[PDB]
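First up is the structure itself, then whatever we jot down about it.
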Amino acid sequence: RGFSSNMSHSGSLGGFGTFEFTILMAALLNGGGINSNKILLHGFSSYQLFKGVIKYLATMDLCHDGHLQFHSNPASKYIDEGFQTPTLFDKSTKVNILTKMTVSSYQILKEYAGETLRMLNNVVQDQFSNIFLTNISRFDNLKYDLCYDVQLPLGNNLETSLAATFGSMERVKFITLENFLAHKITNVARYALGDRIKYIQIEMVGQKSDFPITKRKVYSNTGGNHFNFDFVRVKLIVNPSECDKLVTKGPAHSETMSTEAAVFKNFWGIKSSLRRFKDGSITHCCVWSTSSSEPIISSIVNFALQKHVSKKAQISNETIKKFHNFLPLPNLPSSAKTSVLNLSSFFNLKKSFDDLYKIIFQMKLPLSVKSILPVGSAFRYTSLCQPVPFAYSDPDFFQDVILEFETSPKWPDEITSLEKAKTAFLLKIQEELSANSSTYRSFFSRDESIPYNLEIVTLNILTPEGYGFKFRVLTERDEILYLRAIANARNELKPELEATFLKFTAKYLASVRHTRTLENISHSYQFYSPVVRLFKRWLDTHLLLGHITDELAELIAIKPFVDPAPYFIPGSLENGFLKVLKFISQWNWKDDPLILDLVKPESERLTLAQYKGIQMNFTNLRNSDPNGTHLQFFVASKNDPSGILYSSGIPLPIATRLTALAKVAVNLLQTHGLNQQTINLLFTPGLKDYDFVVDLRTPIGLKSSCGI
Amino acid sequence: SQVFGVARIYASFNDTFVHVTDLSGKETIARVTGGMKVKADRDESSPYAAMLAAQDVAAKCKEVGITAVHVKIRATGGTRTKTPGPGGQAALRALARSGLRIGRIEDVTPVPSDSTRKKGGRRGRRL
Amino acid sequence: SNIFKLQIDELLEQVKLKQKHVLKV
Amino acid sequence: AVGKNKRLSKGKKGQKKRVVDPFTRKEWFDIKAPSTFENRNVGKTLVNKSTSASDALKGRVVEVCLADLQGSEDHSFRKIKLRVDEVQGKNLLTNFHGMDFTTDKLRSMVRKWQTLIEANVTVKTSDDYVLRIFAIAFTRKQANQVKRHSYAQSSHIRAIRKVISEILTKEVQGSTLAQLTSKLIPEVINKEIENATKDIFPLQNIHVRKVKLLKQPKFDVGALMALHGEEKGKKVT
Amino acid sequence: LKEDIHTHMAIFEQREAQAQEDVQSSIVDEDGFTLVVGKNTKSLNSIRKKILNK
RNA sequence: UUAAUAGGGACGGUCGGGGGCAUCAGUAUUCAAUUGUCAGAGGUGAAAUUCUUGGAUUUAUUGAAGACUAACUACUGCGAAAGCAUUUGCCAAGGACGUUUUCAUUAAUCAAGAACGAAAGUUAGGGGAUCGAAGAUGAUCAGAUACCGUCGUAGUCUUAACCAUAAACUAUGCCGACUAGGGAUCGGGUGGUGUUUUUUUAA
């Protein structure tokens with residue numbers, strides 16, 4: 001977790017080492033409870049001693065409300081009062097060991113203790129490697145959602161104003177200017193962002209601690225014996241729920257301006273305003289404007305930091321800007337101002353579907369309509385480009401919809417007869433739809449996705465709103481006929497027929513379940529929507545989407561969220577995407593299966609019996625396919641217990657290519673830090689290793705009809 | 001332009017309660033009974049008490065702004081009678097007489113699938 | 001639990017310092 | 001009895017005065033229904049103004065007939081309970097809270113010379129909304145039947161009860177509540193029961209009698225906003 | 001498409017009708033063995049497949 | 001030697017509000033938390049004790065306790081009787097039907113004795129919502145409403161044993177033959193037939 005016993009008021013995450021860990025052992029082995037009762041018993045094993053403290057740090061608060069006192073030379077007692085700073089007092093020695101702990105670092109420490117406690121209590125999955133054998137501190141971007149590097153002015157000494165701000169009063173409180181500026185940056189940044197973030201870390205890049213014997217104090221090349229740092233980096237854990245809130249709520253209005261209102265007006269200055277809302281409340285509030293290139297946080301940190309710390313500072317986070325730009329910008333009104341967390345484009349598509357959803361039911365048919373289930377990509381907030389009215393060059397323009405009529409015994413028992421009855425339904429649906437509702441346009445098309453099943457015909461409905469929907473029948477007899485299909489086939493042909501059945505259930509049966517779960521889970525994971533398109537965009541640039549079914553990319557892209565350990569749930573596009581690339585880089589799909597609990601953050605969680613069943617499937621498959629030539633990625637969940645549904649038919653070269661690019665991408669990030677040049681290098685294709693390359697150009701440009 | 005209430009009438013054998021509320025129900029808008037509007041207790045269940053009770057809420061109903069009400073008539077229920085008495089219907093008449101827009105009429109008397117023993121005993125009651 | 005206990009013991013012996021480098025210091 | 005001859009009661013000494021009209025402080029609030037229903041307008045409600053108003057507004061449950069929400073008299077005998085979950089700008093976002101029939105229709109349904117079969121199941125949907133369903137069906141006579149009654153043996157009632165329970169469990173498990181409500185409005189569920197029970201016995205008047213929501217997971221405003229399909233205020237110049 | 005579907009259904013219905021009559025026509029072997037056919041059976045080919053399946 | 005339209009047992013699919021042990025639902029009664037309003041609420045032929053401005057009665061969101069299975073409920077079902085009405089599972093038991101399976105008179109009546117035996121009652125624990133002998137108290141005015149109202153002990157429920165009484169009725173010993181027609185119903189079986197059903201999962 002990147003925790004050390006070193007100073008943290010300077011800016012580095014740390015202060016908590018063995019000694020603070022081991023000293024806390026003894027305090028709890030001598031008590032620790034609110035009743036001075038022993039929390040740890042001296043007969044405990046190594047596991048039990050470690051568990052209680054990971055539990056202790058997780059739930060008892062030692063900084064704001066509550067503090068612990070012990071006796072080195074007397075049972076340790078947990079006091080409810082707190083000193084507003086991390087404190088483990090020792091009455092025998094009158095020292096607080098937790099003085100080196102910063103307020104900001106303590107909550108980050110408490111978060112790691114709690115989330116490990118959840119894995120420690122976990123029984124379904126083994127968590128030994130994640131808790132101990134995985135370094136989360138290698139990359140700041142992977143560990144932290146947003147990073148802003150601030151270049152202080154005149155950096156062979158800080159400007160007279162900044163040196164003046166430190167002033168005599170703060171040497172006594174804060175011995176070094178590096179310590180003081182970090183506290184200044186934390187307080188203004190914490191206060192400015194407020195609820196928009198969970199945790200904030202301020203780090204002094206290029207701070208040295210060792211100097212030659214010939215010299216009295218450490219010398220920084222920029223410092224000039226004045227300031228031991230090159231620059232500061234503001235690292236954040238953003239809160240997706242309220243990160244993109246347009247307004248920062250403040251204290252309410254009153255006859256006499258309150259102290260909270262006083263600090264509120266002074267801090268934001270002209271940016272502050274008193275504004276009223278529909279509910280009738282009058283409160284002091286400030287305004288921000290959303291952008292498709294940057295989050296609201298970049299605007300707040302820039303304005304807040306310039307006003308208070310230094311007007312000459314330079315705030316820049318270009319890395320996050322590039323990823324936002326790489327996401328396609330739709331051709332809708334006010335697209336640039338729209339935030340990347342807004343799903344309004346998808347919602348307008350659903351409302352248009354709802355209008356057609358009503359027309360179809362009131363229509364009279366020989367069989368009553370059981371249900372209409374939209375299964376298209378845009379319905380699950382995953383389409384690479386957001387839906388655009390009349391932008392029919394988008395390949396995702398026609399959204400799949402499954403129509404199922406009421407069960408009847410009059411279905412043809414011959415599958416080619418079965419579908420020609422299915423098409424006869426859609427034919428009638430087309431006829432009265434054309435008559436009653438002429439504003440809707442429609443046409444039929446053939447589907448050949450199911451191998452050998454050449455009679456499938458689908459109705460493409462062009463809604464007046466400017467959206468396309470594609471309709472196909474589902475029939476209860478259809479499934480068993482395929483089960484009949486495998487049984488009668490010759491033993492040599494049975495493996496081929498089951499493949500036909502596999503893609504049938506992938507499109508008809510399991511497709512419904514995939515959209516239902518993903519749509520619901522996507523609400524909790526606000527940043528799943530943006531990241532999955534950018535991952536699919538990355539696949540397209542390297543020519544991998546053609547062999548990779550869209551579902552497989554989705555199940556891969558959701559792994560960092562349902563299983564974020566040892567990391568936290570991403571709240572940024574750059575953080576979420578790189579985590580997907582990291583997982584692929586370290587994924588051993590030959591020996592390690594990929595299984596997910598598509599559930600909201602803490603039922604439908606995989607318990608032990610269902611869990612063991614899935615590995616048993618993996619071992620049996622790998623027993624027959626040890627090299628993994630036939631199957632490479634084993635992706636399973638509650639929806640897909642077989643684990644081969646969405647990862648079958650991919651050539652081995654594409655599977656290794658997917659992992660090959662990920663490792664080189666991670667190695668690229670290792671050799672050269674995240675920057676503009678690297679990001680372009682990630683998202684551009686080599687096209688050289690391919691044996692032969694063919695260049696095509698379409699007669700007309702397809703961007704404007706694609707909604708980009 | 002049409003704001004709705006729920007006019008609840010409880011027609012007991014000895015009294016009639018006329019209670020008008022919002023659609024959800026916790027907020028009482030106006031509640032009056034026969035006891036409000038009569039000088040002797042024996043005539044609390046009388047229909048005359050119900051009408052002057054029902055008229056009182058209706059004027060109070062027009063005060064707050066409610067112009068329509070959904071009627072949910074009921075009786076004492078339990079192991080007693082299931083049908084609202086004459087007081088309940090008379091109150092429903094007056095609400096129409098007041099002019100309030102009547103939305104829907106339903107009987108919400110508590111019907112037990114299983115009832116505890118009645119007060120009367122074996123020989124019976126209501127002699 | 002037994003799996004976790006053995007995993008601890010394997011983890012320890014990997015990271016135990018070599019006693020020869022102790023005697024050197 | 002307000003009469004003079006009526007004896008004074010103990011409560012009459014301490015009488016708080018009507019020096020405040022309550023409605024002077026009450027503030028009207030508008031209710032909206034989920035997008036599953038055609039008519040989103042389902043009236044309004046009133047609460048004391050914030051000193052807050054929201055705390056009372058959360059937990060508000062309003063029961064309303066489908067005919068108003070669907071604009072069709074075919075659903076006059078069905079009611080839905082809507083619970084308020086979120087408030088913004090005097091608009092109360094509600095979610096499905098229950099369903100039930102009018103007493104008169106149930107009473108008219110139960111008739112003599114036939115067998116009443118009722119089945120209940122406790123099941124959770126995919127969104128972890130634990131709910132209980134109640135379904136009712138009645139036996140019917142054939143076109144050429146000459147027997148006065150259409151009673152079915154106990155083994156048959158059990159066979160039907162097994163078939164109905166399977167269908168209700170299947171429908172709820174493989175659907176969301178919003179999807180589940182979407183099936184309730186067209187009453188599709190009854191049509192598969194009568195065809196599922198068709199080879200067994202002819203039934204009439206098959207309906208899902210009642211829906212109860214036993215438990216709820218953590219509230220999700222993001223999901224709630226999606227089901228209903230943020231706002232800046234006004235500078236005080 | 002309209003003509004193609006209409007021709008295909010008509011041909012199927014004739015064949016399905018003929019198949020159902022064949023099974024339920026009191027089939028008797030040359031040795032006077034009367035084949036048992038259950039109600040709702042439509043095709044003799046299906047009967048053979050069950051004998052094979054079981 | 002038969003294998004009694006005597007009998008026993010077997011075996012096959014059914015059938016039952018037959019029995020016991022668990023389990024699920026269901027409103028209703030009482031109580032409790034919160035929630036909005038305010039003067040009576042309750043009860044009688046008429047009234048009074050009683051509760052209520054610390055908010056009664058009534059409104060809604062629930063939760064807890066103990067009983068108990070409405071409407072469907074019928075000259076219908078099961079059990080020797082007394083009695084038995086929610087769902088599901090377990091344990092065994094049973095009438096009738098079918099049998100080209102099995103014993104071969106194993107049967108009828110009947111003492112003492114034994115088992116069961118509505119409600120009430122008894123011993124010793126648990127529980128105690130409702131109803132409620134007893135007792136208390138309000139009112140004691142008016143004959144169709146003339147004995148009601150409030151509190152309510154034992155009891156009403158259950159565990160382990162006693163008590164063995166009912167208009168416990170066909171007001172009517174048992175076993176076995178023969179001595180009229182008719183068509184309604186319940187369970188089983190046989191044949192026919194065409195509607196409902198339905199299709200290589202099974203059934």
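Each chain in the structure tokens gets a letter, A, B and so on, in the order shown; residues start at 1 in every chain, and ligands are counted from 1 in the order they appear.
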
Within 9 Å of chain F, which residues of chain D come that close, and what is the closest atom pair and distance in Å for each? Count only C-alpha atoms (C1' of nucleotides) and give it as JSON lines.
```
{"residue": "D:1", "atom": "CA", "partner": "F:40", "partner_atom": "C1'", "distance": 8.1}
{"residue": "D:2", "atom": "CA", "partner": "F:40", "partner_atom": "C1'", "distance": 8.5}
{"residue": "D:9", "atom": "CA", "partner": "F:40", "partner_atom": "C1'", "distance": 8.5}
{"residue": "D:10", "atom": "CA", "partner": "F:52", "partner_atom": "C1'", "distance": 7.8}
{"residue": "D:11", "atom": "CA", "partner": "F:52", "partner_atom": "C1'", "distance": 6.0}
{"residue": "D:12", "atom": "CA", "partner": "F:53", "partner_atom": "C1'", "distance": 7.7}
{"residue": "D:13", "atom": "CA", "partner": "F:53", "partner_atom": "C1'", "distance": 8.1}
{"residue": "D:14", "atom": "CA", "partner": "F:53", "partner_atom": "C1'", "distance": 5.2}
{"residue": "D:15", "atom": "CA", "partner": "F:53", "partner_atom": "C1'", "distance": 5.2}
{"residue": "D:16", "atom": "CA", "partner": "F:53", "partner_atom": "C1'", "distance": 6.1}
{"residue": "D:22", "atom": "CA", "partner": "F:37", "partner_atom": "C1'", "distance": 8.9}
{"residue": "D:56", "atom": "CA", "partner": "F:35", "partner_atom": "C1'", "distance": 8.5}
{"residue": "D:59", "atom": "CA", "partner": "F:61", "partner_atom": "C1'", "distance": 7.4}
{"residue": "D:60", "atom": "CA", "partner": "F:61", "partner_atom": "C1'", "distance": 8.2}
{"residue": "D:61", "atom": "CA", "partner": "F:61", "partner_atom": "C1'", "distance": 8.1}
{"residue": "D:107", "atom": "CA", "partner": "F:71", "partner_atom": "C1'", "distance": 7.4}
{"residue": "D:110", "atom": "CA", "partner": "F:72", "partner_atom": "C1'", "distance": 6.4}
{"residue": "D:111", "atom": "CA", "partner": "F:72", "partner_atom": "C1'", "distance": 6.8}
{"residue": "D:112", "atom": "CA", "partner": "F:72", "partner_atom": "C1'", "distance": 6.7}
{"residue": "D:113", "atom": "CA", "partner": "F:74", "partner_atom": "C1'", "distance": 7.5}
{"residue": "D:114", "atom": "CA", "partner": "F:72", "partner_atom": "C1'", "distance": 6.9}
{"residue": "D:115", "atom": "CA", "partner": "F:72", "partner_atom": "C1'", "distance": 5.8}
{"residue": "D:116", "atom": "CA", "partner": "F:72", "partner_atom": "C1'", "distance": 5.1}
{"residue": "D:117", "atom": "CA", "partner": "F:72", "partner_atom": "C1'", "distance": 8.5}
{"residue": "D:119", "atom": "CA", "partner": "F:87", "partner_atom": "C1'", "distance": 7.9}
{"residue": "D:120", "atom": "CA", "partner": "F:25", "partner_atom": "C1'", "distance": 7.2}
{"residue": "D:121", "atom": "CA", "partner": "F:25", "partner_atom": "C1'", "distance": 8.9}
{"residue": "D:142", "atom": "CA", "partner": "F:196", "partner_atom": "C1'", "distance": 7.8}
{"residue": "D:143", "atom": "CA", "partner": "F:195", "partner_atom": "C1'", "distance": 8.4}
{"residue": "D:144", "atom": "CA", "partner": "F:195", "partner_atom": "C1'", "distance": 8.2}
{"residue": "D:154", "atom": "CA", "partner": "F:16", "partner_atom": "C1'", "distance": 8.7}
{"residue": "D:198", "atom": "CA", "partner": "F:197", "partner_atom": "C1'", "distance": 7.3}
{"residue": "D:199", "atom": "CA", "partner": "F:197", "partner_atom": "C1'", "distance": 5.5}
{"residue": "D:200", "atom": "CA", "partner": "F:197", "partner_atom": "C1'", "distance": 8.7}
{"residue": "D:202", "atom": "CA", "partner": "F:196", "partner_atom": "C1'", "distance": 8.2}
```

I need the residues in segment 48-89 of chain D that are helix (DSSP H, G or I) according to DSSP; give them as a short mmCIF file (atom, residue, chain, number, x, y, z; two decimals) with N, CA and C atoms, in the first residue's frame.
```cif
data_model
loop_
_atom_site.label_atom_id
_atom_site.label_comp_id
_atom_site.auth_asym_id
_atom_site.auth_seq_id
_atom_site.Cartn_x
_atom_site.Cartn_y
_atom_site.Cartn_z
N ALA D 53 -38.90 19.55 5.25
CA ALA D 53 -40.04 18.97 4.56
C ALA D 53 -39.70 17.61 3.96
N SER D 54 -38.44 17.42 3.56
CA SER D 54 -38.06 16.22 2.82
C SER D 54 -38.24 14.96 3.66
N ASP D 55 -37.90 15.03 4.95
CA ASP D 55 -37.94 13.82 5.78
C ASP D 55 -39.34 13.23 5.83
N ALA D 56 -40.36 14.08 5.97
CA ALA D 56 -41.73 13.60 5.88
C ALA D 56 -42.05 13.12 4.47
N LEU D 57 -41.48 13.77 3.45
CA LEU D 57 -41.77 13.39 2.07
C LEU D 57 -41.20 12.02 1.73
N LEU D 66 -55.30 2.02 -11.38
CA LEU D 66 -54.61 2.03 -12.67
C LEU D 66 -55.35 2.87 -13.69
N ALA D 67 -56.68 2.90 -13.63
CA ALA D 67 -57.47 3.58 -14.65
C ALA D 67 -57.05 5.04 -14.79
N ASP D 68 -56.73 5.69 -13.67
CA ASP D 68 -56.21 7.05 -13.73
C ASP D 68 -54.82 7.08 -14.35
N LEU D 69 -53.96 6.13 -13.96
CA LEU D 69 -52.59 6.11 -14.46
C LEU D 69 -52.51 5.58 -15.89
N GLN D 70 -53.39 4.66 -16.26
CA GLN D 70 -53.40 4.08 -17.60
C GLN D 70 -54.42 4.71 -18.53
N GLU D 73 -60.51 2.20 -18.54
CA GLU D 73 -61.39 1.61 -17.54
C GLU D 73 -61.20 0.11 -17.39
N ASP D 74 -60.43 -0.53 -18.27
CA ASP D 74 -60.18 -1.96 -18.14
C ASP D 74 -59.44 -2.30 -16.85
N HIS D 75 -58.73 -1.34 -16.26
CA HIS D 75 -57.98 -1.55 -15.03
C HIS D 75 -58.63 -0.85 -13.84
#
```

- Task: For each of B:127, B:64, B:50, B:94, take the minimum atom-to-atom distance to residue 10 of chain B, counting only C-alpha atoms, then give the residue where this is smallest.
- Result: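 Among the listed residues, the smallest separation from residue 10 of chain B belongs to B:50.
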
- Message: Could you list, as a list in words, every residue within 12 Å of segment 9-24 of chain C, counting only C-alpha atoms (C1' of nucleotides) and ignoring same-chain residues fewer than 3 positions away?
- Response: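 The neighbour list is residues 45, 46, 47, 128, 129, 131, 132 and 133 of chain A; 2, 3, 4, 5 and 6 of chain C.
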
Within 12 Å of chain D, which residues of chain B show up when using only C-alpha atoms, listed as a tab-separated table (two decimals) with N, CA and C atoms, in the first residue's frame?
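And here is the file that came out, part.tsv:
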```tsv
chain	number	residue	atom	x	y	z
B	1	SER	N	-55.62	21.60	-12.82
B	1	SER	CA	-56.56	22.49	-12.15
B	1	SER	C	-57.45	21.76	-11.15
B	2	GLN	N	-57.41	20.42	-11.17
B	2	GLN	CA	-58.22	19.59	-10.30
B	2	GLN	C	-57.31	18.90	-9.29
B	3	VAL	N	-57.35	19.37	-8.05
B	3	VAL	CA	-56.61	18.76	-6.95
B	3	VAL	C	-57.55	17.84	-6.18
B	4	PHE	N	-57.07	16.64	-5.87
B	4	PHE	CA	-57.89	15.56	-5.34
B	4	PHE	C	-57.60	15.32	-3.86
B	5	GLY	N	-58.64	14.94	-3.12
B	5	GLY	CA	-58.51	14.42	-1.78
B	5	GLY	C	-59.04	12.99	-1.70
B	6	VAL	N	-59.19	12.53	-0.46
B	6	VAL	CA	-59.81	11.24	-0.17
B	6	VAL	C	-60.76	11.44	1.01
B	14	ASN	N	-73.21	3.69	16.28
B	14	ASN	CA	-73.48	4.76	17.23
B	14	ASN	C	-72.94	6.12	16.79
B	15	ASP	N	-72.15	6.17	15.72
B	15	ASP	CA	-71.56	7.44	15.29
B	15	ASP	C	-71.08	7.30	13.86
B	21	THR	N	-58.77	13.79	3.66
B	21	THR	CA	-57.32	13.81	3.77
B	21	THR	C	-56.72	14.06	2.39
B	22	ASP	N	-55.39	13.94	2.32
B	22	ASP	CA	-54.70	13.90	1.05
B	22	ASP	C	-54.76	12.48	0.47
B	23	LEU	N	-54.19	12.33	-0.73
B	23	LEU	CA	-54.25	11.04	-1.41
B	23	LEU	C	-53.52	9.95	-0.62
B	24	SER	N	-52.35	10.28	-0.08
B	24	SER	CA	-51.56	9.29	0.65
B	24	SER	C	-52.19	8.93	1.99
B	25	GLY	N	-52.52	9.93	2.81
B	25	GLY	CA	-53.40	9.73	3.95
B	25	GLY	C	-52.95	10.28	5.29
B	26	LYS	N	-51.65	10.49	5.53
B	26	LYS	CA	-51.24	10.86	6.89
B	26	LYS	C	-51.76	12.24	7.27
B	27	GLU	N	-51.83	13.16	6.31
B	27	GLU	CA	-52.22	14.54	6.56
B	27	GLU	C	-53.74	14.61	6.64
B	28	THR	N	-54.25	15.02	7.79
B	28	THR	CA	-55.67	15.28	7.95
B	28	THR	C	-55.99	16.69	7.47
B	29	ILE	N	-56.98	16.80	6.60
B	29	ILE	CA	-57.46	18.09	6.12
B	29	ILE	C	-58.66	18.57	6.94
B	30	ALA	N	-59.61	17.68	7.21
B	30	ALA	CA	-60.78	18.04	8.02
B	30	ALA	C	-61.41	16.76	8.54
B	33	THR	N	-67.60	14.71	13.03
B	33	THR	CA	-68.46	13.57	13.29
B	33	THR	C	-69.85	14.03	13.68
B	34	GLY	N	-70.75	13.06	13.87
B	34	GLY	CA	-72.08	13.38	14.36
B	34	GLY	C	-72.06	14.02	15.73
B	35	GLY	N	-71.13	13.61	16.59
B	35	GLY	CA	-71.03	14.20	17.91
B	35	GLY	C	-70.74	15.69	17.85
B	36	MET	N	-70.01	16.13	16.82
B	36	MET	CA	-69.79	17.56	16.64
B	36	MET	C	-71.11	18.30	16.53
B	37	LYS	N	-72.09	17.71	15.85
B	37	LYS	CA	-73.18	18.44	15.22
B	37	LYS	C	-74.55	18.12	15.81
B	38	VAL	N	-74.60	17.50	16.99
B	38	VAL	CA	-75.86	17.07	17.59
B	38	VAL	C	-75.78	17.28	19.09
B	39	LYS	N	-76.93	17.52	19.71
B	39	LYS	CA	-77.01	17.87	21.12
B	39	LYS	C	-77.19	16.66	22.03
B	40	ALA	N	-77.71	15.55	21.52
B	40	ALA	CA	-77.92	14.34	22.30
B	40	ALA	C	-77.15	13.18	21.68
B	41	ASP	N	-76.65	12.29	22.53
B	41	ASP	CA	-75.79	11.21	22.05
B	41	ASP	C	-76.58	10.18	21.26
B	42	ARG	N	-77.87	10.01	21.58
B	42	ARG	CA	-78.67	9.00	20.89
B	42	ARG	C	-78.80	9.27	19.40
B	43	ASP	N	-78.67	10.52	18.97
B	43	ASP	CA	-78.84	10.89	17.57
B	43	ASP	C	-77.51	11.08	16.85
B	44	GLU	N	-76.39	10.65	17.45
B	44	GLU	CA	-75.10	10.75	16.77
B	44	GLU	C	-75.08	9.90	15.51
B	45	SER	N	-75.64	8.69	15.57
B	45	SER	CA	-75.74	7.82	14.41
B	45	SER	C	-76.84	8.25	13.44
B	46	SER	N	-77.64	9.25	13.80
B	46	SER	CA	-78.74	9.66	12.95
B	46	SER	C	-78.20	10.22	11.63
B	49	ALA	N	-77.19	13.96	11.58
B	49	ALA	CA	-75.85	14.27	12.06
B	49	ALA	C	-74.82	14.11	10.95
B	60	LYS	N	-64.86	23.28	4.57
B	60	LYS	CA	-63.44	23.27	4.93
B	60	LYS	C	-62.60	22.70	3.79
B	61	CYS	N	-63.17	21.77	3.02
B	61	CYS	CA	-62.46	21.23	1.86
B	61	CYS	C	-62.21	22.31	0.82
B	63	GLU	N	-61.89	25.35	1.39
B	63	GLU	CA	-60.96	26.33	1.95
B	63	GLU	C	-59.51	26.01	1.60
B	64	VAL	N	-59.08	24.77	1.86
B	64	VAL	CA	-57.68	24.43	1.60
B	64	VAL	C	-57.40	24.48	0.10
B	65	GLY	N	-58.37	24.07	-0.72
B	65	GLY	CA	-58.21	24.09	-2.16
B	65	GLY	C	-58.63	22.80	-2.83
B	66	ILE	N	-58.84	21.74	-2.05
B	66	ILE	CA	-59.23	20.46	-2.62
B	66	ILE	C	-60.63	20.59	-3.20
B	67	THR	N	-60.78	20.18	-4.46
B	67	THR	CA	-62.05	20.29	-5.18
B	67	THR	C	-62.66	18.94	-5.50
B	68	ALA	N	-61.89	17.85	-5.41
B	68	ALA	CA	-62.39	16.51	-5.64
B	68	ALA	C	-61.89	15.59	-4.54
B	69	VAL	N	-62.64	14.52	-4.29
B	69	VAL	CA	-62.32	13.56	-3.25
B	69	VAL	C	-62.66	12.16	-3.73
B	70	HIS	N	-61.84	11.19	-3.32
B	70	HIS	CA	-62.11	9.78	-3.53
B	70	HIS	C	-62.73	9.22	-2.25
B	72	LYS	N	-63.86	6.49	0.37
B	72	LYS	CA	-63.52	5.17	0.90
B	72	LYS	C	-64.40	4.93	2.12
B	73	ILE	N	-65.61	4.43	1.87
B	73	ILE	CA	-66.56	4.15	2.93
B	73	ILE	C	-66.18	2.84	3.61
B	74	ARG	N	-66.47	2.74	4.91
B	74	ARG	CA	-66.20	1.52	5.65
B	74	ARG	C	-67.14	1.43	6.85
B	82	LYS	N	-70.53	-5.92	8.38
B	82	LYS	CA	-69.65	-5.63	7.26
B	82	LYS	C	-70.12	-4.48	6.39
B	83	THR	N	-71.39	-4.07	6.50
B	83	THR	CA	-71.95	-3.10	5.58
B	83	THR	C	-72.08	-1.74	6.26
B	103	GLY	N	-64.58	11.30	-7.02
B	103	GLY	CA	-63.74	10.56	-7.94
B	103	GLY	C	-64.07	9.09	-8.04
B	104	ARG	N	-64.02	8.37	-6.92
B	104	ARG	CA	-64.24	6.94	-6.90
B	104	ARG	C	-64.78	6.52	-5.54
B	105	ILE	N	-65.67	5.53	-5.55
B	105	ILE	CA	-66.31	5.02	-4.34
B	105	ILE	C	-65.89	3.57	-4.16
B	106	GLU	N	-65.36	3.25	-2.98
B	106	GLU	CA	-64.95	1.90	-2.65
B	106	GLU	C	-65.28	1.61	-1.19
B	107	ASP	N	-65.58	0.35	-0.91
B	107	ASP	CA	-65.82	-0.13	0.44
B	107	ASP	C	-64.55	-0.78	0.97
B	108	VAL	N	-64.04	-0.25	2.09
B	108	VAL	CA	-62.78	-0.71	2.66
B	108	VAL	C	-63.04	-1.23	4.07
B	109	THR	N	-64.22	-1.80	4.28
B	109	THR	CA	-64.53	-2.36	5.58
B	109	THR	C	-63.56	-3.50	5.89
B	110	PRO	N	-63.02	-3.57	7.11
B	110	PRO	CA	-62.09	-4.67	7.42
B	110	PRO	C	-62.83	-5.99	7.53
B	111	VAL	N	-62.63	-6.86	6.54
B	111	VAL	CA	-63.23	-8.19	6.51
B	111	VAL	C	-62.19	-9.17	7.04
```

- Kindly give the distance, in Å, that separates atom CA of residue 505 of chain A and atom CA of residue 522 of chain A, rounded to a single decimal. 23.2 Å

- Query: Can you list, as a ChimeraX atom specification, every residue of chain D that DSSP puts in strand (DSSP E or B)?
  - Reply: /D:26-32,41-48,61-65,78-88,91-101,116-124,130-139,203-213,234-235

- Would you kindly return, as a ChimeraX atom specification, each protein, DNA or RNA residue with an atom no farther than 8 Å from any atom of residue 706 of chain A, considering only C-alpha atoms (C1' of nucleotides) and excluding same-chain residues fewer than 4 positions away? /A:388,391-394,702

- Which residue of B:101, B:80, B:93, B:19 approaches residue 28 of chain F most closely, using only C-alpha atoms (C1' of nucleotides):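 For residue 28 of chain F, the nearest of the given residues is B:80.
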
- Work out how far apart atom CA of residue 501 of chain A and atom CA of residue 482 of chain A are and give it in Å to one decimal.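 Atom CA of residue 482 of chain A lies 6.2 Å from atom CA of residue 501 of chain A.
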
- Task: Compile the residues of chain E that lie within 7 Å of chain F, evaluated using only C-alpha atoms (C1' of nucleotides), and express the compilation as an NGL selection string.
- Result: :E and (40 or 46 or 49-50)
